[PDB]
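Dropping upload-v2.txt in here (compact mmCIF, N, CA, C and O atoms):
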# COMPACT_ATOMS: atom_id res chain seq x y z
N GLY A 175 5.76 -36.27 26.66
CA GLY A 175 6.44 -36.10 27.97
C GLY A 175 6.95 -37.46 28.47
O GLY A 175 7.73 -38.11 27.81
N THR A 176 6.48 -37.85 29.62
CA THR A 176 6.91 -39.15 30.19
C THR A 176 5.84 -40.21 29.98
O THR A 176 5.94 -41.30 30.50
N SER A 177 4.84 -39.88 29.21
CA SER A 177 3.75 -40.86 28.95
C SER A 177 2.72 -40.29 27.99
O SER A 177 1.55 -40.60 28.08
N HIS A 178 3.17 -39.46 27.08
CA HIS A 178 2.22 -38.85 26.11
C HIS A 178 2.25 -39.56 24.76
O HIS A 178 2.27 -38.92 23.73
N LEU A 179 2.26 -40.87 24.78
CA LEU A 179 2.28 -41.60 23.49
C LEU A 179 0.95 -41.32 22.80
O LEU A 179 0.14 -40.57 23.31
N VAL A 180 0.75 -41.91 21.67
CA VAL A 180 -0.53 -41.67 20.95
C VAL A 180 -0.94 -42.92 20.19
O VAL A 180 -2.10 -43.16 19.95
N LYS A 181 0.05 -43.69 19.85
CA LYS A 181 -0.16 -44.95 19.10
C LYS A 181 -1.00 -44.75 17.85
O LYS A 181 -1.88 -43.92 17.79
N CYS A 182 -0.67 -45.53 16.87
CA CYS A 182 -1.38 -45.46 15.58
C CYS A 182 -2.72 -46.18 15.68
O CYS A 182 -3.27 -46.31 16.75
N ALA A 183 -3.23 -46.64 14.58
CA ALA A 183 -4.54 -47.35 14.66
C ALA A 183 -4.78 -48.21 13.44
O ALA A 183 -3.90 -48.41 12.63
N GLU A 184 -5.98 -48.71 13.34
CA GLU A 184 -6.31 -49.56 12.19
C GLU A 184 -6.18 -48.77 10.89
O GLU A 184 -6.16 -49.34 9.82
N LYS A 185 -6.09 -47.47 11.03
CA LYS A 185 -5.96 -46.61 9.82
C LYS A 185 -4.54 -46.04 9.70
O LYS A 185 -4.26 -45.26 8.81
N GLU A 186 -3.67 -46.44 10.60
CA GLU A 186 -2.28 -45.92 10.55
C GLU A 186 -1.27 -47.00 10.94
O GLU A 186 -0.11 -46.73 11.16
N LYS A 187 -1.74 -48.22 11.02
CA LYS A 187 -0.84 -49.35 11.39
C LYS A 187 0.07 -49.70 10.23
O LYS A 187 0.27 -50.85 9.92
N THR A 188 0.70 -48.76 9.64
CA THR A 188 1.55 -49.18 8.52
C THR A 188 2.74 -50.04 8.94
O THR A 188 2.85 -51.17 8.51
N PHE A 189 3.61 -49.52 9.74
CA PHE A 189 4.77 -50.33 10.15
C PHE A 189 4.29 -51.72 10.60
O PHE A 189 4.91 -52.72 10.29
N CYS A 190 3.18 -51.74 11.28
CA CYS A 190 2.63 -53.05 11.75
C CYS A 190 1.46 -53.44 10.88
O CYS A 190 0.44 -52.79 10.89
N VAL A 191 1.57 -54.55 10.23
CA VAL A 191 0.46 -54.98 9.36
C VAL A 191 -0.86 -55.07 10.11
O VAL A 191 -1.61 -54.13 10.13
N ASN A 192 -1.13 -56.19 10.68
CA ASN A 192 -2.42 -56.33 11.43
C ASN A 192 -2.39 -55.74 12.85
O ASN A 192 -1.63 -54.83 13.13
N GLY A 193 -3.25 -56.29 13.68
CA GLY A 193 -3.38 -55.87 15.11
C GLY A 193 -2.18 -55.07 15.60
O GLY A 193 -2.08 -53.88 15.36
N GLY A 194 -1.31 -55.75 16.27
CA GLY A 194 -0.11 -55.05 16.79
C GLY A 194 -0.52 -53.79 17.56
O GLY A 194 -1.69 -53.47 17.66
N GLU A 195 0.45 -53.12 18.08
CA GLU A 195 0.20 -51.88 18.85
C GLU A 195 1.29 -50.93 18.43
O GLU A 195 2.33 -50.83 19.04
N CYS A 196 1.00 -50.27 17.35
CA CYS A 196 1.93 -49.30 16.77
C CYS A 196 2.16 -48.10 17.68
O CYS A 196 1.27 -47.70 18.40
N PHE A 197 3.35 -47.57 17.63
CA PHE A 197 3.65 -46.40 18.51
C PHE A 197 4.52 -45.33 17.89
O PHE A 197 5.54 -45.59 17.28
N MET A 198 4.08 -44.11 18.10
CA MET A 198 4.81 -42.94 17.57
C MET A 198 4.77 -41.85 18.64
O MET A 198 3.72 -41.50 19.14
N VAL A 199 5.92 -41.36 18.96
CA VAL A 199 6.01 -40.31 19.99
C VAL A 199 6.31 -38.92 19.43
O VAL A 199 6.68 -38.77 18.29
N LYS A 200 6.12 -37.94 20.28
CA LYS A 200 6.38 -36.53 19.86
C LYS A 200 7.52 -35.91 20.69
O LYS A 200 7.37 -34.85 21.26
N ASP A 201 8.63 -36.61 20.76
CA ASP A 201 9.79 -36.10 21.54
C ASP A 201 11.10 -36.32 20.76
O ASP A 201 11.07 -36.59 19.57
N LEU A 202 12.21 -36.21 21.43
CA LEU A 202 13.52 -36.41 20.75
C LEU A 202 13.72 -35.40 19.62
O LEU A 202 12.82 -34.65 19.30
N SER A 203 14.89 -35.39 19.05
CA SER A 203 15.17 -34.44 17.94
C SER A 203 14.49 -34.90 16.66
O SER A 203 14.32 -34.15 15.73
N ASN A 204 14.11 -36.15 16.66
CA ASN A 204 13.43 -36.73 15.47
C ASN A 204 12.27 -37.63 15.93
O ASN A 204 12.38 -38.84 15.93
N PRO A 205 11.19 -37.00 16.32
CA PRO A 205 9.99 -37.70 16.79
C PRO A 205 9.22 -38.39 15.68
O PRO A 205 9.71 -38.56 14.58
N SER A 206 8.02 -38.78 16.01
CA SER A 206 7.14 -39.47 15.03
C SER A 206 7.73 -40.80 14.60
O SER A 206 7.61 -41.20 13.46
N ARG A 207 8.38 -41.45 15.51
CA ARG A 207 8.98 -42.77 15.18
C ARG A 207 7.92 -43.85 15.29
O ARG A 207 7.60 -44.28 16.37
N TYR A 208 7.41 -44.29 14.18
CA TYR A 208 6.37 -45.34 14.26
C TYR A 208 6.99 -46.67 14.68
O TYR A 208 8.10 -46.98 14.29
N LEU A 209 6.27 -47.41 15.48
CA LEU A 209 6.78 -48.73 15.94
C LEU A 209 5.78 -49.82 15.58
O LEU A 209 4.86 -49.58 14.82
N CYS A 210 5.96 -51.00 16.11
CA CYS A 210 4.99 -52.07 15.77
C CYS A 210 5.04 -53.24 16.72
O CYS A 210 5.89 -54.11 16.62
N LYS A 211 4.12 -53.25 17.63
CA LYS A 211 4.07 -54.37 18.61
C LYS A 211 3.41 -55.58 18.00
O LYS A 211 2.72 -55.47 17.01
N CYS A 212 3.63 -56.71 18.61
CA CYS A 212 3.01 -57.96 18.09
C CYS A 212 2.21 -58.59 19.20
O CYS A 212 2.72 -59.30 20.05
N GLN A 213 0.96 -58.31 19.14
CA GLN A 213 -0.01 -58.82 20.13
C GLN A 213 -0.10 -60.34 20.09
O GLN A 213 0.16 -60.94 19.07
N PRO A 214 -0.46 -60.96 21.20
CA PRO A 214 -0.58 -62.41 21.25
C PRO A 214 -1.32 -62.93 20.02
O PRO A 214 -2.53 -63.02 20.00
N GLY A 215 -0.56 -63.24 19.01
CA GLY A 215 -1.18 -63.74 17.76
C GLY A 215 -0.27 -63.44 16.56
O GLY A 215 -0.52 -63.91 15.48
N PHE A 216 0.75 -62.64 16.78
CA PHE A 216 1.67 -62.30 15.66
C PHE A 216 3.14 -62.47 16.05
O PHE A 216 3.49 -62.45 17.22
N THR A 217 3.97 -62.65 15.06
CA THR A 217 5.42 -62.82 15.31
C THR A 217 6.21 -62.59 14.03
O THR A 217 5.71 -62.04 13.07
N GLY A 218 7.44 -63.02 14.05
CA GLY A 218 8.30 -62.86 12.85
C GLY A 218 8.99 -61.50 12.75
O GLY A 218 10.19 -61.40 12.90
N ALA A 219 8.22 -60.47 12.48
CA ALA A 219 8.84 -59.12 12.36
C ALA A 219 7.83 -58.03 12.59
O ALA A 219 7.55 -57.63 13.70
N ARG A 220 7.31 -57.59 11.51
CA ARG A 220 6.31 -56.52 11.54
C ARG A 220 4.95 -57.11 11.86
O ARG A 220 3.93 -56.60 11.45
N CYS A 221 5.00 -58.22 12.55
CA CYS A 221 3.76 -58.92 12.94
C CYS A 221 2.99 -59.36 11.71
O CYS A 221 1.80 -59.13 11.61
N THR A 222 3.68 -60.03 10.82
CA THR A 222 3.02 -60.50 9.58
C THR A 222 2.74 -62.00 9.58
O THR A 222 2.14 -62.51 8.66
N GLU A 223 3.15 -62.68 10.62
CA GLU A 223 2.90 -64.15 10.68
C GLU A 223 1.95 -64.52 11.82
O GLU A 223 2.33 -64.58 12.97
N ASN A 224 0.71 -64.76 11.47
CA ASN A 224 -0.29 -65.12 12.51
C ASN A 224 0.17 -66.39 13.22
O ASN A 224 -0.25 -67.47 12.88
N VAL A 225 1.03 -66.22 14.20
CA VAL A 225 1.54 -67.39 14.96
C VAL A 225 0.51 -68.52 15.08
O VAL A 225 -0.61 -68.26 15.50
N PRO A 226 0.85 -69.74 14.70
CA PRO A 226 -0.11 -70.85 14.81
C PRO A 226 -0.26 -71.23 16.29
O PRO A 226 -0.44 -72.38 16.64
N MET A 227 -0.19 -70.23 17.12
CA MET A 227 -0.31 -70.44 18.58
C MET A 227 -1.63 -71.10 18.96
O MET A 227 -2.70 -70.60 18.65
N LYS A 228 -1.53 -72.21 19.63
CA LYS A 228 -2.76 -72.93 20.05
C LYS A 228 -2.39 -74.08 20.99
O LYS A 228 -1.49 -74.85 20.71
N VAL A 229 -3.08 -74.15 22.10
CA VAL A 229 -2.79 -75.24 23.09
C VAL A 229 -3.97 -76.19 23.17
O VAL A 229 -5.09 -75.79 23.44
N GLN A 230 -3.70 -77.45 22.92
CA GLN A 230 -4.79 -78.46 22.98
C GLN A 230 -4.64 -79.37 24.20
O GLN A 230 -3.62 -79.34 24.86
N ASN A 231 -5.66 -80.14 24.47
CA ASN A 231 -5.61 -81.06 25.64
C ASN A 231 -4.34 -81.91 25.68
O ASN A 231 -3.26 -81.41 25.89
N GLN A 232 -4.50 -83.19 25.47
CA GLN A 232 -3.32 -84.09 25.49
C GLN A 232 -2.77 -84.35 24.09
O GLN A 232 -3.51 -84.48 23.14
N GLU A 233 -1.47 -84.42 24.01
CA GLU A 233 -0.81 -84.67 22.71
C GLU A 233 0.69 -84.83 22.90
O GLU A 233 1.14 -85.42 23.87
N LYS A 234 1.45 -84.30 21.98
CA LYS A 234 2.92 -84.40 22.10
C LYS A 234 3.59 -83.60 20.98
O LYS A 234 4.80 -83.46 20.95
N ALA A 235 2.79 -83.09 20.08
CA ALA A 235 3.35 -82.31 18.96
C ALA A 235 2.27 -81.39 18.37
O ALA A 235 1.83 -81.58 17.26
N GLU A 236 1.88 -80.42 19.14
CA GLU A 236 0.84 -79.48 18.66
C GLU A 236 0.71 -78.29 19.61
O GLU A 236 0.18 -77.26 19.26
N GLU A 237 1.22 -78.46 20.80
CA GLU A 237 1.15 -77.36 21.79
C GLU A 237 2.02 -76.18 21.36
O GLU A 237 2.31 -76.01 20.19
N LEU A 238 2.43 -75.38 22.31
CA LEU A 238 3.28 -74.21 21.98
C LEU A 238 4.75 -74.58 21.77
O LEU A 238 5.52 -74.62 22.70
N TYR A 239 5.09 -74.85 20.53
CA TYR A 239 6.49 -75.23 20.18
C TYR A 239 7.21 -76.03 21.28
O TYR A 239 7.64 -75.48 22.27
N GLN A 240 7.36 -77.30 21.04
CA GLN A 240 8.04 -78.19 22.02
C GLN A 240 7.65 -77.89 23.48
O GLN A 240 6.80 -78.55 24.03
N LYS A 241 8.27 -76.90 24.07
CA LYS A 241 7.94 -76.55 25.48
C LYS A 241 7.78 -75.04 25.63
O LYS A 241 6.78 -74.66 26.22
Represent the structure of the file as structure tokens.
Amino acid sequence: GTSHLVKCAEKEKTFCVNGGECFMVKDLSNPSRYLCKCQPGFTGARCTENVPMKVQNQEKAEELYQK
């Protein structure tokens, strides 16, 4: 309906490799569209690159990409 998602899981996260927040709905003329979110820790595409995300105290080349 307007909020009847179901999302996949650790046993159905195919489109999305790791974590992510996969999504498949039961609407439209062609439902069951699996998706693939990238939770704080993944990037690139299907969430296959564990972003080297990390913020340290003082430095100049290690924080979150330049700025």
- Would you list the residues near (5.8, -75.8, 21.0) (no more than 8 Å away, in the coordinates of the file, using all atoms listed in the file) as a ChimeraX atom specification? /A:228,234-241
- Item | atom C of residue 211 (chain A) to atom C of residue 230 (chain A), straight-line distance in Å |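 If I compute the distance from atom C of residue 230 (chain A) to atom C of residue 211 (chain A), I get 25.9 Å.
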- What separation in Å, quoted to one decimal, exists between atom C of residue 193 (chain A) and atom N of residue 212 (chain A)? 6.7 Å
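Taking atom O of residue 205 (chain A) as the reference point, atom O of residue 222 (chain A) is found at 25.8 Å.
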- Can you work out which one of A:189, A:233, A:175, A:181 has the shortest atom-to-atom distance to residue 209 (chain A), counting all atoms listed in the file?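 So, comparing all the options, the nearest one is A:189.
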- Message: Considering only N, CA, C and O atoms, can you say which of A:208, A:213, A:183, A:194 comes closest to residue 225 (chain A)?
- Response: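 Distance minimum relative to residue 225 (chain A) lands on A:213.
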